[PDB]
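Trainee: Pasting a structure below so you can have a look.
When we count neighbours, we look across all protein chains shown, and the Cβ atoms used for this are built from the backbone with ideal geometry, even at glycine. Just so you know, all these numbers are worked out from the coordinates, no wet-lab data involved.
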There are 2 protein chains.
Amino acid sequence: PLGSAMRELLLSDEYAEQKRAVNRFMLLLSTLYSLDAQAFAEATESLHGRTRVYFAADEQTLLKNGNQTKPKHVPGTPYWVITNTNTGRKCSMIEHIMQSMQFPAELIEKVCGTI
Amino acid sequence: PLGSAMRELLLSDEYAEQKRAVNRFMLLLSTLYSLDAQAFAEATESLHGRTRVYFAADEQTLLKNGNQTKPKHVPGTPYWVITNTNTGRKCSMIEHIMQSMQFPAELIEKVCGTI
DNA sequence: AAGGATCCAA
DNA sequence: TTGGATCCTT
DNA sequence: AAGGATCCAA
DNA sequence: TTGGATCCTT
């Protein structure tokens with residue numbers, strides 16, 4: 001929908017610069033939140049593991065529940081994310097934040113493909 | 001609903017006779033189908049394993065998918081069921097036929113408690 | 001010799 | 001944390 | 001001395 | 001067959 005903007009970013013030199021997964025991941029998060037803060041926020045609440053919390057508004061909440069997790073700082077928004085995850089999980093946290101955001105499954109597979 | 005009939009069976013001297021789980025389970029399936037053949041039937045279609053079929057209209061359909069399974073014969077109706085299953089599963093197949101059939105969760109835990 | 005837990009594969 | 005089915009006996 | 005497979009618990 | 005977090009290095 002507004003996911004033509006996501007496309008821009010997949011193609012962007014900046015997205016391309018990034019050499020690490022972690023890094024593409026935060027850029028996705030950051031941009032998504034910059035589209036709909038709202039839809040992102042909702043998207044987030046439903047996202048978490050068995051025992052670990054994934055997003056949260058501050059470093060600490062994440063350090064508590066689930067222990068070695070790598071609370072990365074702030075995307076470019078007001079959230080904090082877990083980083084101690086292989087790319088698979090990295091992917092699905094995006095699959096999820098994107099499904100709840102109503103992005104076409106076509107995009108989604110692409111996006112996850114680049115991470 | 002018509003689950004007071006179920007309640008009579010849990011109490012019945014007949015249900016009480018059976019000493020093995022299998023037998024109680026067959027008596028359940030058997031009784032349930034007697035209530036609503038139609039609702040039993042729809043209940044059934046959704047019930048199956050990763051790779052075994054659980055219910056079927058004949059012994060062979062079962063023997064084929066999945067391998068030692070113990071096609072038991074017939075309840076007292078027209079179906080055939082898998083038997084090579086521990087009590088647990090024997091349970092959840094009842095839990096399933098039963099939720100789909102709209103019995104109150106209260107009953108259901110009871111029932112599955114007596115298997 | 002049937003039944004079913006207990007163990008192993010997704 | 002579900003499901004298959006060996007394989008050890010309630 | 002971060003990143004993220006792997007490898008191990010539900 | 002998913003989620004943790006070790007623990008070996010793209």
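Trainee: Determine, for B:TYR15, B:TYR79, the number of other Cβ atoms within 10 Å of each Cβ, and report the residues in order from fewest to most. Can you show the working numbers first?
Mentor: Values: B:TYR15 17, B:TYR79 20.
Lowest to highest Cβ neighbour count: B:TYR15, B:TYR79.
Trainee: To continue, here is another question. How far is the Cα center of the range A:62-85 from the Cα center of the range B:1-23, in Å?
Mentor: 53
Trainee: Among A:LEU47, B:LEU32, which comes first, then next, by fewest other beta-carbon atoms within 10 Å?
Mentor: Working: A:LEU47 16, B:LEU32 27.
By the 10 Å Cβ count, ascending, the order reads A:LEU47, B:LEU32.
Trainee: Over 21 Å between C-alpha atoms is what I'm after, so list which of A:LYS70/A:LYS110; A:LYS70/A:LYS90; B:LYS19/B:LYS64; A:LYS72/A:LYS110 land there.
Mentor: Values: A:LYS70/A:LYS110 26 Å; A:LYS70/A:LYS90 13 Å; B:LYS19/B:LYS64 30 Å; A:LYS72/A:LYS110 24 Å.
In this structure, A:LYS70/A:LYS110; B:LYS19/B:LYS64; A:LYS72/A:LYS110 lie more than 21 Å apart at Cα.
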